[PDB]
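As structure tokens, the next two blocks hold two forms of the same chain, structure 1 and structure 2.
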Structure 1
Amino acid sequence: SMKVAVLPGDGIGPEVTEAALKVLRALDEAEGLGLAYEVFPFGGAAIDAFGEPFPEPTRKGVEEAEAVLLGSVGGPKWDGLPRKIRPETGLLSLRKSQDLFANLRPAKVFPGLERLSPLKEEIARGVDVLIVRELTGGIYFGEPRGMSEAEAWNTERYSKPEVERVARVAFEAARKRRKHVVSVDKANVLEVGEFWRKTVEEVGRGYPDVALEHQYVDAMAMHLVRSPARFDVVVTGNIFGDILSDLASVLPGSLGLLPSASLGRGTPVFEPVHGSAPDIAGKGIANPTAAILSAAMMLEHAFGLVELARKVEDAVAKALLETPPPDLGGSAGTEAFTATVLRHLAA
């Protein structure tokens, strides 16, 4: 029915993950999802227990599952250690072993939460944009690449199958939202841009259901500050995606609000944007919105349950208004806010 690997890891990870589970448990019960999950050691919580960051039962409970609900990893106790044993590269091994080529990051400014944004209210109102970013190609992994005394070079390269697959994801995401996709390239100057555009156009042919439009990267940066509310789904290569999803991530005005999904060949991974936050670890104050919204994401993208995920979304939106956490100017601790999410979910 619903098989889930839970990797809470380090710091606030365990706390915010436990919060998501309450929500998932509340759902399973009232809706009958047949939720099956197990908990797996990960990051520094595993380096202490299995001399490794991403160990034997975890590697395999990952392959076995239909989805991975990740907390966050790293901390104070684990600083300045090898690329071998590093928590932050356990993340990279996890993400690679599943061949995850697409990163989906939504920035939503919730009703009533306009004041938080660094944009003026008028501009901030009604922003909900899903940036989809190609993740295993582009300039970051392109060749030729090198450096000498005299110069350095790097290659932004994309092949047809790399653009196609990421574009379908974005197209499939659009079918479940508002049926509008914007594709981002540098088509007026670069051969890769023009190749990107044309391929996404070819893929679009199979989705006349979805409105498709093309924006250049430099002008996309003007639009996300000037009128971000105009967008639904946005798809782009790796470096532009990095740049523009980071840009969009600031629009809501709190890091604790940001969920992430990573899709591909293997087992999908849902996780908060934020880190293990050892500065506020175990003070009972960590805002679980990001992990819960990661659980929502897990429902829509790994299991087909789109109406259910919108329920979790609507529950979370109402709670942020009613009992805002400290990072929002509010006063509600993790526990009390989760209970607020459940009151709304029980209605």
Structure 2
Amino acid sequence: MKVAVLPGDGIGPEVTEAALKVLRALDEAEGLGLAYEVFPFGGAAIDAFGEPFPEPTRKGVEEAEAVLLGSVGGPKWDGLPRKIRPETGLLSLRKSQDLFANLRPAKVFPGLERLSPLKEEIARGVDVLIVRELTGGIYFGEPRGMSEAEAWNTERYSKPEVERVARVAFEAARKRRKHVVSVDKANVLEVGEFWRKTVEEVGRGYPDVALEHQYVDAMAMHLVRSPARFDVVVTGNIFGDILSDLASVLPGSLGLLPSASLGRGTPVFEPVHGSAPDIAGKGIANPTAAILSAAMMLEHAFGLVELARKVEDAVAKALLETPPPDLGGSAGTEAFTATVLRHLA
């Protein structure tokens, strides 16, 4: 298990080490063959190397089997040239490894339906993985422009772009509850019709995974009224962007959310939360999202699904047993990591 660890800025070092402590504890118990090295990234790397993704980190990422990424960014670096800003290093990491599917799970862990914006009965059991196509769609479409008179943009998709994001959805669904919902606008748009029929063709290779299709505006309604009905959801880029953010508010504790970017090169696993510099070094940062990023690494980079499930349960019980400050408790980073390891043992 070869992991390049890029902790970043602010709370990145604290929460990334918490995740590594869970990984070393499972390595000792299971003989995972964990091997990792820490590389400079983000603002720390701008300060030491003059750029956020220096060639050493490029090489270590390049030579690794997975990247455990912390959080990047800070005021210091906000006024820099676009070329070297923390935010850009993140797009360079993605581009260097041709990562084309962003995976975001939103889950209401047992006993925390209280944090949901939704009523307890609706929030209970929510666990959905939004898979969003990353590289195409209207954000990158040609033609595009603006004049005094008008502005135009093109939602374009080729058979390959749709095929590759659909396969990670199917493969992802196999490791969870075997249900895929692909979301489109096929009843009005050609791109939607095309998406639908390419995913239906792709679906034929995955007989052990159920596939249904929904329109985006209906799916938005569903995600508030009955989100627990879904397992994996896959769609294009801007709808993926809308629907991941919709699903992200359902646990109602955004600090908790992990993310993965999967592709041709080395897969990247990171917390959704930012670098929260204001509390760096205080030992209060909630490690839940970094620990669940490590569990997405085990599931998605190494296929150790049953261990990811085991990490997830450990985190679920620690959230109940010693809630961090964000869940109204007092458990600082280390105290919370400890009760995860206690459940993991």
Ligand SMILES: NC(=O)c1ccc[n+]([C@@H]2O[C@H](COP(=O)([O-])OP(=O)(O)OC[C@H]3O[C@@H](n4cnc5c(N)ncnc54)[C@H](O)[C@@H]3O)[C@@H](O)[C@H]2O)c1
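Please note that residue numbering is based on structure 1, beginning with 1 at the start of its sequence. Between two forms, the rigid core is the largest collection of C-alphas that superpose within 1.5 Å.
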| property | result |
| --- | --- |
| Selected structure - the one that is the form solved in complex with nicotinamide-adenine-dinucleotide (NAD) | 1 |
| Shift in Å of the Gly90 Cα between the two structures [rigid core superposition] | 0.7 |
| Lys283: CA movement between the two structures [superposed on rigid core, Å] | 1.8 |
| Cα shift between the two structures at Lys77, which is computed once both forms share a superposed rigid core (Å) | 2.5 |
